[PDB]
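Q: before the rest arrives, take these chains from my complex:
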Amino acid sequence: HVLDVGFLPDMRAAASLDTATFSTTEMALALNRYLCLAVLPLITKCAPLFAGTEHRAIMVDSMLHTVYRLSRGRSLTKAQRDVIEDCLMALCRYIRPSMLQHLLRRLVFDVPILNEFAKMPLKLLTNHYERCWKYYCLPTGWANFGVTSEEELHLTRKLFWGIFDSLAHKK
């Protein structure tokens, strides 16, 4: 079922401004993502739907076509539950969505990315997990994210309070 529903959104259902006439897919998103959240069976192994997770991340991150904050919240919760349910199965499936956050750390839509990349280490803490080249880029990502905080556009208290990353797992 997840394999079949994975390929319905083609590049976030063509999030680029092309037609803006068929938004019923976004409507059915709020109906099927709830069922997807109702279960957490994709935990053990045999998970080649990393492209599906990337598609979901690009769908929540790109809301150019018929933006709706109400359904954006449902997609936000879907992504949060998906990340909090399973992890440490690969390395690219997390850094690639977080590449935008590492580069564009001042984006207003990066709060999902920061929240997920923060919730993952307290939930894991390297226990039953092996570091790799992905773990080697965490210092650079943390450094640039911190540098963007105080250099330009001094962040307000609301976002600065939520931008307190753990920055754990040193060496």
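A: Alright, I've got the coordinates. Numbers count the residues shown, from 1 in each chain, chains lettered A, B, ... in the order given.
Q: from here on, just use CA atoms for contacts and neighbour counts.
A: OK.
Q: ok, residue A:9 - contacts?
A: A:25, A:55 (C-alpha atoms under 8 Å, 6 or more residues apart in numbering).
Q: how about the secondary structure of it?
A: Following DSSP: H, G, I helix; E, B strand; the rest coil, residue A:9 is assigned to coil.
Q: try residue A:113
A: With three-state DSSP as the criterion, residue A:113 reads helix.
Q: same thing with the one 10 residues further on?
A: The local conformation at residue A:123, judged by three-state DSSP, is helix.
Q: how close does it sit to residue A:60?
A: Distance, residue A:123 to residue A:60, by C-alpha to C-alpha, to the nearest Å: 23 Å.
Q: also residue A:1?
A: 21 Å.
Q: what about the two, which has more around it?
A: residue A:60 (20 against 6; other C-alpha atoms under 10 Å).
Q: in chain A, which spans are helices?
A: A:2-6, A:11-14, A:24-38, A:50-61, A:69-85, A:92-103, A:111-124, A:133-136, A:138-150, A:157-162 (DSSP state H).
Q: quick one: which of the ones you listed is nearest residue A:44?
A: Ranking the helices of chain A by their distance to residue A:44 (criterion: C-alpha to C-alpha) puts helix A:69-85 first, at 10.7 Å.
Q: other SSEs contacting the closest one?
A: helix A:24-38, helix A:50-61, helix A:111-124 (3 or more C-alpha pairs under 8 Å, 6 or more residues apart in numbering; DSSP states H and E).
Q: any idea how far that helix is from the middle of the chain?
A: Distance of helix A:69-85 from its chain centroid, counting by C-alpha atoms, centre = their mean, to the nearest Å, is 9 Å.
Q: pull out the buried residues from that helix.
A: By neighbour count on 16 or more other C-alpha atoms under 10 Å, the buried set for helix A:69-85 is A:71-72, A:74-83, A:85.
Q: cool, stretch A:8-20 as well?
A: Buried-residue list, stretch A:8-20, by 16+ other C-alpha under 10 Å: A:9, A:12, A:13, A:15.
Q: find the nearest non-adjacent residue to the second one, please.
A: Meaning residue A:12. residue A:59 (4.6 Å; C-alpha to C-alpha, 6 or more residues apart in numbering).
Q: touching, the one you found and residue A:14? I think so.
A: No: if you go by C-alpha atoms under 8 Å, residue A:59 and residue A:14 don't touch, sitting 9.4 Å apart.
Q: now do the same contact list for residue A:3.
A: Contacts of residue A:3 by C-alpha under 8 Å, 6+ apart are residue A:49.
Q: put this one in as chain B:
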Amino acid sequence: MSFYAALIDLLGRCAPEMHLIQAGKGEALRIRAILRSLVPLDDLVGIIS
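A: Alright, chain B goes in next:
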């Protein structure tokens, strides 16, 4: 397609609640079995596909 979609939506909305199933209520499982035999799972899986 609209008529079948509406009929399936009505049949799903008439399904017994989960706590009714988990707390006995043999009539609830009787209705659930009737709905189960009405339409198989493969039909739904193909419909979504």
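Q: repeat for the contacts of residue A:9, accounting for chain B.
A: Counting by C-alpha atoms under 8 Å, 6 or more residues apart in numbering or on different chains, residue A:9 touches A:25, A:55.
Q: interface residues of chain A facing chain B?
A: Proximity of chain A to chain B (C-alpha under 8 Å from any C-alpha of the partner chain) is limited to residues A:1, A:4, A:5.
Q: for chain B, state which of those residues is nearest.
A: residue A:4 (6.1 Å; C-alpha to the nearest C-alpha).
Q: list the buried residues in stretch A:26-43.
A: A:26, A:30, A:37 (16 or more other C-alpha atoms under 10 Å in any protein chain shown).
Q: sorry, slip of the keys, the one I care about is stretch B:26-33.
A: Those would be B:28, B:29, B:32, for stretch B:26-33 by 16+ other C-alpha under 10 Å.
Q: what's in contact with that stretch?
A: Residues contacting stretch B:26-33 (C-alpha under 8 Å, 6+ apart): B:15, B:16, B:20, B:21.
Q: could you name the specific helix or strand carrying the second one?
A: Using DSSP states H and E, no element contains residue B:16; it sits outside every helix and strand.
Q: could you measure from it over to residue A:39?
A: Residue B:16 is 20 Å from residue A:39, by C-alpha to C-alpha.
Q: can I get the residues of chain A next to chain B in TSV including distance to residue A:163?
A: Shown next, in TSV, are these (distance: C-alpha to C-alpha, whole Å):
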residue	distance to residue A:163
A:1	36
A:4	36
A:5	33
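Q: which one of those residues is nearest to residue A:153?
A: Nearest member of those to residue A:153, counting by C-alpha to C-alpha, is residue A:5, at 40.7 Å.
Q: count of residues packed around the closest one?
A: 12 (other C-alpha atoms under 10 Å in any protein chain shown).
Q: tell me the contacts of it?
A: residue B:49.
Q: cool, and residue A:142?
A: A:102, A:167.
Q: distance of it relative to chain B?
A: Relative to chain B, residue A:142 is positioned 42 Å away (criterion: C-alpha to the nearest C-alpha, to the nearest Å).
Q: how much space between that residue and residue A:167?
A: 7 Å.
Q: one more: residue B:30?
A: 55 Å.
Q: also residue A:16?
A: Residue A:16 is 35 Å from residue A:167, by C-alpha to C-alpha.
Q: what of residue B:37?
A: Applying C-alpha to C-alpha to residue B:37 and residue A:167 gives a distance of 55 Å.
Q: neighbour count for these two, which is higher?
A: residue A:167 (13 against 10).
Q: now do the contacts for the more buried one.
A: Neighbours of residue A:167 in contact, by C-alpha under 8 Å, 6+ apart: residue A:142.
Q: include this sequence as chain C:
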Amino acid sequence: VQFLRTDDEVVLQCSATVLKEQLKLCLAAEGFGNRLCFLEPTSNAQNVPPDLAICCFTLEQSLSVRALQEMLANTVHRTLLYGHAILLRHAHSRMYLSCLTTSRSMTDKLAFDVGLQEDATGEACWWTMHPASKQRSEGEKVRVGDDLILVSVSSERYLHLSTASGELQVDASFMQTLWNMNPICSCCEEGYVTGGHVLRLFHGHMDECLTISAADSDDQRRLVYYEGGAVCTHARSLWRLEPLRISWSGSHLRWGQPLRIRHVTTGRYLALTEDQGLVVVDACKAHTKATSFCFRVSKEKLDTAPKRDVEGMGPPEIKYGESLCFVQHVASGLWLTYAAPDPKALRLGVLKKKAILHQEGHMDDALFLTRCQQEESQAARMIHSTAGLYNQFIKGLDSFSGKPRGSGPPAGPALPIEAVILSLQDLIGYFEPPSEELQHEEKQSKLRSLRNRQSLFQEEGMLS
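A: Take a look at chain C, now in place beside the chains above:
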């Protein structure tokens, strides 16, 4: 009477329009070996009599819906009323009619199978009656010979007679079908002979009975003898009486009433073929002009024409024990007696008295009737069914036993693999020894019953 009280014997009859004129069929089930139910035709009883042994059903309870629900929630002669839930118990096997959670029809139609259950526990063994066309009302009392519809409780489906690609099968679907419960019998008087009872026909003293030839005989077990001695305990001397009437075929026997005598072990009917004498014949060649017999005291009596058919239980006159009567044919009108053609020194038989039909018989041929136990009759019926099934299996095995398969695995009819497996399991459970934790007296009684059942099964074969 004629009110369908509790604890009477009934048969579920239905009408089918598949045939050009009409068809009457009665619901039936084998019991052991096959849990499913099937319809048995009855309108064609002029030449082929029906098997009424496995057709009778007994009404156990007739509680209301609320009382039934309370009883089910609390697990561990009331007049029948419309809207009540009833429990039906099979007469032959101590099994309860129920709607099984299975289906094989190639068309779902929300239809299940109608079968039998070993125990009354559960919800699928109860059927709620509903009125027919609006000549009655909910809560009104139910009369015999009145059409009605039966609704299952667990499946909420009618007892429907399907007209699918099959040939007149019975299932539990949402299509409406009308059934009526013809009352076979009712409250019967103690020690009186009624139609349908399996019994032994004793002659003269208590050491002679009307039996049939034993197994492994020179003939095809179609010669009627007058053997005595240890044969009185075996199942050979077990005969049953089938009145030509179909609705009230459980009433007290009447003098001169036409009846058919059937051997339960073999399934053959006593008849006169005018070719070999008084012999038992197959059910197909069992026309009423050759199979109908009767009992009457006062042998000659200047017999008159029988009349005055009774549409009820009737008065009881033929009493068990003291029933010294004479058997004669109705269509022809000749009596029967012991032949004894010659007292040969080397006859190699204790009596070996063949049964023959004569216009005027000898003296001392009056037969008095004694009934057999329920266990003996049930064992005889199981012996008959099991022997038939195993003979069919052996014939199916031997049809293909010669030519290798190569291609086209079905050479002929398919072997009843599932039926024979179920029959074997049922027989294994049947002969289970009693547990060792029972009390001494009851354990000894159960051991005696098991030994008697084993001896009865072995006498009619079932080992060869």
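Q: and the contacts of stretch B:26-33, now that chain C is in?
A: B:15, B:16, B:20, B:21, C:154, C:155.
Q: just the buried residues from those residues, in ChimeraX please.
A: Restricted to buried positions by 16+ other C-alpha under 10 Å, the ChimeraX selection for the contacts of stretch B:26-33 reads:
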select /B:16 /C:154,155
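Q: for the contacts of stretch B:26-33, give me TSV that also has distance to residue C:396.
A: What follows is the contacts of stretch B:26-33, written out as TSV (distance: C-alpha to C-alpha, whole Å):
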residue	distance to residue C:396
B:15	50
B:16	50
B:20	52
B:21	49
C:154	39
C:155	37
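Q: what two of the contacts of stretch B:26-33 have the greatest distance between them?
A: Checking those with C-alpha to C-alpha, the most distant pair is B:20 and C:155, at 19.1 Å.
Q: please tell me how far the residue lying farthest from the centre of chain A sits from chain C.
A: Computed with C-alpha atoms, centre = their mean, the maximum C-alpha offset from the centroid of chain A is found at residue A:21, amounting to 26.6 Å. Noted for residue A:21: a distance of 42 Å to chain C, by C-alpha to the nearest C-alpha.
Q: gap between that residue and chain B?
A: In terms of C-alpha to the nearest C-alpha, residue A:21 sits 20 Å off from chain B.
Q: go on, residue C:97?
A: 20 Å.
Q: what about that residue, how many residues nearby?
A: So residue C:97, with other C-alpha under 10 Å, has 25 neighbours.
Q: immediately after the helix or strand containing it, which helix or strand?
A: In this structure, residue C:97 sits in strand C:96-100 according to DSSP H and E. Next in sequence after strand C:96-100, counting helices and strands by DSSP H and E, comes strand C:112-117.
Q: between that following strand and strand C:96-100, how big is the angle?
A: Here strand C:112-117 runs at an angle of 150 degrees relative to strand C:96-100 (axes from the mean of the first three to the mean of the last three C-alpha atoms, to 10 degrees).
Q: CA atoms only: put strand C:112-117 into PDB for me.
A: Extracted C-alpha coordinates of strand C:112-117, given in PDB (Å, rounded to 0.1, in the frame of the first residue of the first chain):
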ATOM      1  CA  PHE C 112     -23.200 -19.200   3.900                       C
ATOM      2  CA  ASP C 113     -23.500 -23.000   4.300                       C
ATOM      3  CA  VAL C 114     -26.200 -24.800   6.300                       C
ATOM      4  CA  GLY C 115     -24.900 -27.700   8.300                       C
ATOM      5  CA  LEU C 116     -24.800 -29.500  11.600                       C
ATOM      6  CA  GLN C 117     -23.000 -28.900  14.900                       C
END
